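There is one chain below, alone, in structure tokens, taken in the form deposited in one PDB entry.
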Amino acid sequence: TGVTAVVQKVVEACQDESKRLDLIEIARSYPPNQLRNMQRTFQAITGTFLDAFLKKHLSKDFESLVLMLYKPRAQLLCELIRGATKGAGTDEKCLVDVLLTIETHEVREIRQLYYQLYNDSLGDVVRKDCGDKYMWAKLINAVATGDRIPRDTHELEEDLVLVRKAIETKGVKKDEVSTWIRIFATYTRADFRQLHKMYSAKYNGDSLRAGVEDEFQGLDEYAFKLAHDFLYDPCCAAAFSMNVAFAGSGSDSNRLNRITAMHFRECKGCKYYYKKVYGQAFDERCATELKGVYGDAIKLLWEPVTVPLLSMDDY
């Protein structure tokens, strides 16, 4: 039903703790543009801005999640890139998570919106935020400014030999930087999946992904694994990033929030791939790592929607 009912449901969800997950049900039930229109009309209807309302009632982690959900992906990605320098350091992890998981069809609208919102170029902003020293920064710069274009069996055969050589040498040699960056930053999904298969066919079952582990450590290693998994299959990349956010003693809520908010609408296989890859059900890991409404929110967002979306305009 219509905007009135949705705004009332939002208000009742903040005022009654048993209704908190209604905020998530709303995120999962309407197209992002309609949720954006709702949030943009919420202050005009109620007298109070949405975030102000949410902060009175919700935990920081849960309100932070909700505030990423009521907008299209392009808007969310621009705000996350901008916010990566809200401190006076750079959130490198956030920039890597974002720049490496943008589909080709989305790139132009995002670059345009970024300039439109903040009147700087996204490429310039990324280059300024990250420099060009580290492999992860070289990789995201090449993605931020570049394009992914098709190739023939011929170039893939040559690159196979080059990437095997890079994998085989200790350290990232001078002449190898070009190899890593060209493949991971400029291949299409189709060609990347072909190269992946050709590699294991040529090298007795060895994998490209295992090679990344050989060559890189720390954030380099995460960034190259993330680009690999995204190019191979986005639900793989989503499962991998969520598994990393859970790693160690506690968990990274800000990363759990953005990975979930950036990807939950596109990636229906995440929980399934998670279980396949890690051997533990996503919800079971969630149950150990997270508690209360915030935990249930993350599990619920990642649950594949199986019915058609509502329309707020259908009134």
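Residue indices: 1-based, along the sequence shown. Under this definition, the rigid core comprises the largest set of C-alpha atoms superposing within 1.5 Å between the forms.
In what follows, reference is made to the form deposited in another entry, a form of this protein that is not presented.
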Of the candidates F246, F42, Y70, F282, the only Cα that travels 2 Å or more between this form and the one not shown, given a rigid-core fit: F42
2 Å or more on the CA of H154 between this form and the one not shown, with the rigid core superposed, yes or no? no
Please state whether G87 has a C-alpha shift of 2 Å or more between this form and the one not shown, with the rigid core used for the fit. yes
Tell me, please, whether between this form and the one not shown the C-alpha of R255 is shifted by 2 Å or more, with the rigid core used for superposition. no
Given that the shift is 3 Å or more, do the Cα atoms of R40 and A84 end up closer or farther apart in the other form than in this form? farther
Sense of the change in Cα distance from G87 to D124 in the other form - at least 3 Å versus the shown form: closer
